[PDB]
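Before any comments, here is the structure.
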Amino acid sequence: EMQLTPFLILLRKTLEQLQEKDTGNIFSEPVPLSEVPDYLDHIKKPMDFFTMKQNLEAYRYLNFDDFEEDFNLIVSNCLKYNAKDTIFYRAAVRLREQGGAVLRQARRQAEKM
Ligand SMILES: CCn1c(=O)c(C)nc2cc(C(=O)N[C@@H](C)c3cnn(C)c3C)ccc21
């Protein structure tokens with residue numbers, strides 16, 4: 001199959017590209033429960049890009065689909081929690097669109113290895 005090191009290099013680059021699409025950095029860190037005290041009542045598995053970076057370096061993404069699954073959680077959690085008329089909801093829609101294109105290109109690179 002493929003070697004670990006180039007795959008992790010690719011995931012690192014892809015994660016950076018996804019964060020670049022989050023210009024407000026609203027997905028960069030876990031949603032602050034100090035300010036959203038009911039968040040865990042609705043969201044079973046919080047996700048954010050800092051947690052994704054920790055998972056990456058902890059060797060918890062060994063295939064592309066697990067990495068993409070956690071990105072999709074960032075999006076879906078935000079769509080679930082926030083009303084449609086909020087900036088947060090619309091930011092998740094835009095991230096789904098822009099991040100999907102980043103991910104399709106990165107997957108093509110993974111399939112080259
Ligand atoms: C879009 C994801 N997201 C949500 O889905 C919901 C429901 N709330 C969010 C709230 C913040 C947030 O509070 N950011 C800044 C003002 C702040 C204030 N104090 N602290 C410690 C921080 C980080 C960020 C993202 C959020």
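Going through the structure tokens in order, the chains are called A, B, and so on, while each chain numbers its residues from 1 and the ligands are numbered from 1 in the order shown.
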Residues within 8 Å of ligand 1, counting only C-alpha atoms and all ligand atoms: report them as a VMD selection string.
chain A and resid 26 to 27 29 to 32 34 to 36 39 77 to 79 81 to 82 88 to 89 91 to 92
Compile the contact shell of range 105-111 of chain A as an MDAnalysis selection string: residues with an atom at most 12 Å away, counting only C-alpha atoms, same-chain residues fewer than 3 positions apart removed.
chainID A and resid 1:18 62:65 67:68 98:102
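Distances here use only C-alpha atoms; by that measure, the residue among A:52, A:43, A:96, A:86 closest to residue 66 in chain A is A:52.
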From the list A:28, A:19, A:74, A:59, the nearest residue to residue 45 in chain A using only C-alpha atoms is A:74
Chain A: residues DSSP assigns to alpha helix (DSSP H), reported as a ChimeraX atom specification
/A:4-21,39-42,49-57,64-81,87-112
